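*Asks:* would you be able to build a 3D model of this:
(5 chains)
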Amino acid sequence: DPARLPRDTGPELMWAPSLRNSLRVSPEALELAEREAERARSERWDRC
Amino acid sequence: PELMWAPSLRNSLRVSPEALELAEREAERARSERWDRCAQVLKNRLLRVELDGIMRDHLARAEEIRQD
Amino acid sequence: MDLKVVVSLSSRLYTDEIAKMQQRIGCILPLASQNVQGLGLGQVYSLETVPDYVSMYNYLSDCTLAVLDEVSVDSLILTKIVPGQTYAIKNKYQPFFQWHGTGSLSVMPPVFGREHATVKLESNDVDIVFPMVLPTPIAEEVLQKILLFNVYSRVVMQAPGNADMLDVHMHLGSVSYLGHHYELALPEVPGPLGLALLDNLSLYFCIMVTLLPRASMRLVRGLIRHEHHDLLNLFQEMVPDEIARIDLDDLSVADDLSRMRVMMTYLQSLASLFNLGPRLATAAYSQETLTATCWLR
Amino acid sequence: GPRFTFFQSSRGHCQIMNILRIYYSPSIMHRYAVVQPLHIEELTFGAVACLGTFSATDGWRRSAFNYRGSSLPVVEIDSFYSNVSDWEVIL
Amino acid sequence: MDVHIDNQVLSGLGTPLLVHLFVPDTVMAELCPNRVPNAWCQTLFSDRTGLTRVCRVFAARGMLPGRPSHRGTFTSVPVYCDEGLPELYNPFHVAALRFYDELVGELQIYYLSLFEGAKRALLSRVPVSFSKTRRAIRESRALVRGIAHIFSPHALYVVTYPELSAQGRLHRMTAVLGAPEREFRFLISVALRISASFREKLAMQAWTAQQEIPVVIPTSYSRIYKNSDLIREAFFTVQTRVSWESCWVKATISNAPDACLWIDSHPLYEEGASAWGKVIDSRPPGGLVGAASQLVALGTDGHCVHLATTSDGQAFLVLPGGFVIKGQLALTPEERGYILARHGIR
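*Replies:* Residues are numbered from 1 along each chain as shown, chains lettered A, B, ... in the order given. Here you go:
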C-alpha cells in the first residue's frame, strides 16, 4: 500500500519523505553506462 | 507534478521470479572467462620470468667457452 | 617572602561558580608565572586535543604550584609554594586516597577523568581543571601504567588479528589499591611528547641492555632449579631462550665492576627521569581534620 | 511510545485541530509506514485538550528549573486562567 | 638499506633466510591511497595450503634506493616454506605480505620472481652488528636488479649482495602451481553460496521487497530500472575479485573482538571498483541515530548495489532504492579458522 507525493524537507522521523530521503538517480547517465558496459561485456566473451 | 511513492515497508519490488536463475549462470560464464584471461596473462609473465633463467644459465655456460 | 598572590579576573564570577570554587578551597593549582587564561591546567589540557598526560605533566613539572585559599567574586587569591615552608593541604579530591602511612604526596594531572577536577568558568571563556594529589607509589604506578598503555595500544592495534583490544583495558584496568579499585582514563594515541618520553626511555633501555651482569643469571637459574620462589611466579618454572643463551659464557670479576658502575650512573639517570614532577614530603598528617602538612621536597 | 506535547496558540479550537493535523502530518505517515494499523482501534492519532487561556502579549517567558544536580530549560507562562476541556481527537 | 639489516637479526627466529627488496611507489600506489602504510609476512602454499605463523617485517618508506633511476619504498620477504633443507625451491609459490601503518593494502609475490632475480643480480666491549659492517662495504650498483612482477605488471627491485653464508647458500638452491587458483575459487564459492541463500530467501517468500531502509522512490522506478533488472545482481558475483578487502570477511575477523555492521558496495554497472570493507558504527557518540544517518545515506545511493554483513552471522543485500533481501552467512567453521589464520591469529 503505497502513496505518491511531490516533496517535503528534513525530518527527524526515519520513515518520512524529504529531500534528504530522495535517491539521486539519473536515467540517462546510467543507461549510457549500461549500454557501453554491455558492449564491454560483449567484448569480454570473445577473448577466450 | 512528478509523483514519488512514499517509503512504506509494504512497498514491494517489481516481482522477480525469472530474474536470477539465468543471471547467476551467465555471471559464472563471464567469471570463468575473466579467470582464464587472468590466468593467461599470469602464464605469459610466468613464461617470460622463466625464460631469462635458461638464458642466464647459457651465459654462465659461455664462461667455459672463453677458455676453450 | 610573599605568598598572597591575587589573580585578577576580567568578568563577574557568578554565584553558580562561587559555590563550587568555595567548595575547592585548600586544593593545589599550577601557576603561569595575573591574566585569566594560563592560570590552571585548561590552557594545556583542552577538549580539542587528546588527553596525553605528558604535556600537561610537563606543564605541571616546569611551572610551580599554588594553594587556593580564598575565592572572592571578580578576583581570587593564590598562595605559592616556596620551599622551606610548611603548607597545609586538605584532601578535597573526588577519587579519595586515604593517607594512612603519610608518604610523600605527589601532584598528577586528572587522569581519573576531567569531570571530577574541572570547574566551569562562565565568567571568562576558560575552563580550569585541578591537578590530582596522591601519595608517591600510587603516582609512580599510574605513570608506569599510562606509559605501558601508551606504548601497547599501538602494538595491539598493529597486529592484524586484533581479537583482543579490550584485554589491556581491563588488564591495566583500574589502579592497584587494596580498599577500592579506581578506574582511569586511557588515551588511544600517546601524542607527541609522550612518544618523546618513550623515545628517551628506549634510548636508556637499549644503552643499558648493552651491559648485563651475568652473575644474577646464574642465581635465577639456580632458583629455577631450586624451589619456585613466589617472586619467581612470573616465570612459572620456565627458562626462556634468552636467559638460556646469555649463559653460555663464564662468570668473572673483571666485567662486573664496570658493568655495575655504569649501571649505577644510568640508574641514577633513570631516577632523575623518574623524579618527575614536583613532590611534597609529608610530616604530621592529622587525619581527624584531613590536613597534610608538607614542605616542598 | 506516546508523547505529551504542549502547544500555545492564539486561535480557535476549529483552527487548532486543523493546524495540529498539519503539524503532525509527517508523524502520522511515519506511524503508518512503520506499522500497518491491522485492527480498527489503531487509527486514532491521539487527542488534544485546551488547558485554558492567558494573555497573548506577556505569555511564555523562558526560565530555568534547577534541581540539586542539573537544570533544564522550562517555559513559564504567567497569569494562567486554567480551564480544562474534553479530548478532541486528532486523526 | 636500513630495513635490510633491521629485520635480518629479528626475523631470524621465525625464518632462516631473509630477502632484501624494493617496491616502487608507482606499483603499490593502487594498493593504498596517499601512501598511508609504513608489515606482516604470511606465505601460503601452492599444493600444501595449510596455515602458517605470521612473521613481522620492518619496512620504512620515503627513503630512496642507491639508484637515482627510481625512488620507492623498502621491504623484506621471509622465506621459510622449504622444509628442512632449503635446497629445494617451490615453484609457482606465492608469498603474501600485510604492509600497514594503522592494516591497509596487500602484496602477493611468487618465489620464482624472487629467486630467479636473486641469482640474476649477482671490562666489556660493545656488541657490533657484524651484518651492518659487512653490508656497508659493498654499496654498489649491481646489488639491485629489476624483475617484472607477474601479479601486477611492474618491475620489482630486489637487492641481494655477497654478504654471508646465509645468502651464500641461497643462490645455490634449485629444484624441479594452483596457489592463486584456490583463493579465487574459494571466494567465488562463498559468493555462490551467499547468492543461493538470497535465492532461497526470495523463493520461500514471495518475490517481494521488505525495504528495511526507508527512502522515497519515483514513479518511473520500473521504467528507468527495467522489469527484473537484476543486471547488477547478475554480475555482482563477477565483481567480487577481492575477499580480504571485502566486508564479507570483516564480520569474521570481528567476532572475537562486539558486533557492528559492514558494507560491500559496488557501481550499478562498471562505474569503478568502488569500495570494500567499511564500518557502520554504533560505538562513538554519533550513536544509533548517527548510524541510521549513514544507513539512509546508503539506501539513497541510486547508482550502487550494496551488500551488508553483520558480525553475528547474518547477511543482507541492499538494492539501490532501499529494497533489501535477508539472508544467512553461516558456513563450515573450518573455513572460519581458515580465514582467521589467513588474516592473523586464531
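*Asks:* contact partners for residue C:134?
*Replies:* Residues near residue C:134 by Cβ atoms under 8 Å, 6 or more residues apart in numbering or on different chains: C:93, C:97, C:105, C:106, C:108, C:142. In short, each C-beta sits where N, CA and C put it, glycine included.
*Asks:* now tabulate those residues in a markdown table and tack on secondary structure, distance to residue C:274 and neighbour count.
*Replies:* Output for the contacts of residue C:134, formatted as a markdown table (DSSP: H, G, I helix; E, B strand; the rest coil; distance: Cβ to Cβ, whole Å; neighbours: other Cβ atoms under 10 Å in any protein chain shown):
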| residue | secondary structure | distance to residue C:274 | neighbour count |
| --- | --- | --- | --- |
| C:93 | coil | 23 | 20 |
| C:97 | coil | 20 | 19 |
| C:105 | strand | 16 | 23 |
| C:106 | strand | 12 | 23 |
| C:108 | strand | 14 | 22 |
| C:142 | helix | 12 | 22 |
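*Asks:* which of those residues sits closest to residue C:67?
*Replies:* Distances from residue C:67 to the contacts of residue C:134, taken as Cβ to Cβ, are shortest for residue C:105 (12.5 Å).
*Asks:* could I get the contacts of residue C:134 as CSV with distance to chain B?
*Replies:* Formatted as CSV, the contacts of residue C:134 follow (distance: Cβ to the nearest Cβ, whole Å):
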residue, distance to chain B
C:93, 54
C:97, 56
C:105, 63
C:106, 61
C:108, 54
C:142, 53
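*Asks:* quick one, what contacts residue 18?
*Replies:* Using chain A here. Residues in contact with residue A:18 (Cβ under 8 Å, 6+ apart) are A:8, A:9, A:10, A:11, E:216.
*Asks:* switch to chain E, that's the one I care about
*Replies:* Applying Cβ under 8 Å, 6+ apart, the residues near residue E:18 are E:7, E:8, E:11, E:12, E:76, E:77, E:78, E:79, E:166.
*Asks:* could you dump stretch E:52-65 to PDB, C-alpha only?
*Replies:* What follows is stretch E:52-65, C-alpha atoms only, in PDB (Å, rounded to 0.1, in the frame of the first residue of the first chain):
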ATOM      1  CA  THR E  52      51.400 -20.800   8.900                       C
ATOM      2  CA  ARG E  53      52.500 -18.400  11.600                       C
ATOM      3  CA  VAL E  54      52.700 -14.700  10.800                       C
ATOM      4  CA  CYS E  55      56.200 -13.100  10.600                       C
ATOM      5  CA  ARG E  56      56.800  -9.400  11.100                       C
ATOM      6  CA  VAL E  57      58.800  -7.400   8.500                       C
ATOM      7  CA  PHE E  58      60.200  -3.900   9.400                       C
ATOM      8  CA  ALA E  59      59.800  -1.600   6.500                       C
ATOM      9  CA  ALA E  60      60.500   2.200   6.400                       C
ATOM     10  CA  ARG E  61      59.400   4.400   3.500                       C
ATOM     11  CA  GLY E  62      60.300   7.800   2.000                       C
ATOM     12  CA  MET E  63      63.900   6.700   1.600                       C
ATOM     13  CA  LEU E  64      65.400   6.100  -1.900                       C
ATOM     14  CA  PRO E  65      67.500   3.300  -3.400                       C
END
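*Asks:* closest residue of the stretch 201-346 of chain E to chain D?
*Replies:* Residue of the stretch 201-346 of chain E nearest chain D, by Cβ to the nearest Cβ: residue E:214 (7.0 Å).
*Asks:* ChimeraX command to pick out the buried ones of the contacts of residue A:18?
*Replies:* In ChimeraX, a selection of the buried entries from the contacts of residue A:18 looks like this (16 or more other Cβ atoms under 10 Å in any protein chain shown):
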select /A:8 /E:216
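*Asks:* okay, and which of the contacts of residue A:18 map to helices?
*Replies:* In helices, judged by DSSP state H, none of the contacts of residue A:18 are found.
*Asks:* and the contacts of residue A:18, which two are the farthest apart?
*Replies:* Within the contacts of residue A:18, A:10 and E:216 form the most distant pair, 13.0 Å apart (Cβ to Cβ).
*Asks:* near chain A at all, stretch E:289-309?
*Replies:* Yes. Using Cβ under 8 Å from any Cβ of the partner chain, stretch E:289-309 reaches chain A at E:292, E:296, E:299, E:300, E:301, E:302, E:303.
*Asks:* specify the local secondary structure of the first one.
*Replies:* Yep, that's residue E:292 we're talking about. Secondary structure, DSSP: H, G, I helix; E, B strand; the rest coil: residue E:292 is helix.
*Asks:* which SS state does the closest residue in space to it that isn't next to it in sequence fall under?
*Replies:* Nearest residue to residue E:292 in three dimensions, chain neighbours excluded: residue A:14, at 6.3 Å (Cβ to Cβ, 6 or more residues apart in numbering or on different chains). State at residue A:14, reduced to three classes by three-state DSSP: coil.
*Asks:* residue A:14 contacts residue E:296, doesn't it?
*Replies:* Yes. Counting by Cβ atoms under 8 Å, residue E:296 is a contact partner of residue A:14 at 7.3 Å.
*Asks:* buried set for stretch C:288-297?
*Replies:* Neighbour counts over stretch C:288-297 (16+ other Cβ under 10 Å) mark C:291, C:292, C:294, C:296 as buried.
*Asks:* want to throw those residues into CSV with secondary structure and distance to chain E?
*Replies:* Converted to CSV, the buried residues of stretch C:288-297 look like this (DSSP: H, G, I helix; E, B strand; the rest coil; distance: Cβ to the nearest Cβ, whole Å):
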residue, secondary structure, distance to chain E
C:291, strand, 41
C:292, strand, 39
C:294, strand, 41
C:296, strand, 41
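*Asks:* for chain B, what's the nearest residue on chain C?
*Replies:* In chain C, the residue found nearest to chain B is residue C:160; the distance is 26.0 Å by Cβ to the nearest Cβ.
*Asks:* now do the contacts for that residue.
*Replies:* Shown in contact with residue C:160 (Cβ under 8 Å, 6+ apart): E:40, E:54, E:98, E:100, E:103, E:343, E:344.
*Asks:* out of those residues, list just those in strands.
*Replies:* residue E:40 (DSSP state E).
*Asks:* and the stretch 101-250 of chain E, which residues reach chain D?
*Replies:* Proximity of the stretch 101-250 of chain E to chain D (Cβ under 8 Å from any Cβ) is limited to residues residue E:214.
*Asks:* quick check: phi and psi on the residue in chain D that chain E sits nearest to?
*Replies:* Closest contact between chain D and chain E, by Cβ to the nearest Cβ, is at residue D:33 (7.0 Å). Dihedral pair for residue D:33: phi -70, psi -40, per degrees, to the nearest 10.
*Asks:* residue C:80 too?
*Replies:* Residue C:80 adopts backbone torsions of phi -70, psi 180, taken as degrees, to the nearest 10.
*Asks:* from chain D, how far out is it?
*Replies:* With distances taken as Cβ to the nearest Cβ, to the nearest Å, residue C:80 is found 35 Å from chain D.
*Asks:* got a list of what that residue touches?
*Replies:* Neighbouring residues of residue C:80 by Cβ under 8 Å, 6+ apart: C:2, C:3, C:5, C:31, C:64, C:65, C:66.
*Asks:* is the residue nearest to the first one when sequence neighbours are not counted bridged to anything, and to what?
*Replies:* Using Cβ to Cβ, 6+ apart and skipping the chain neighbours, the partner closest in space to residue C:2 is residue C:80 (7.8 Å). Per DSSP bridges, the residues bridged to residue C:80 are residue C:66.
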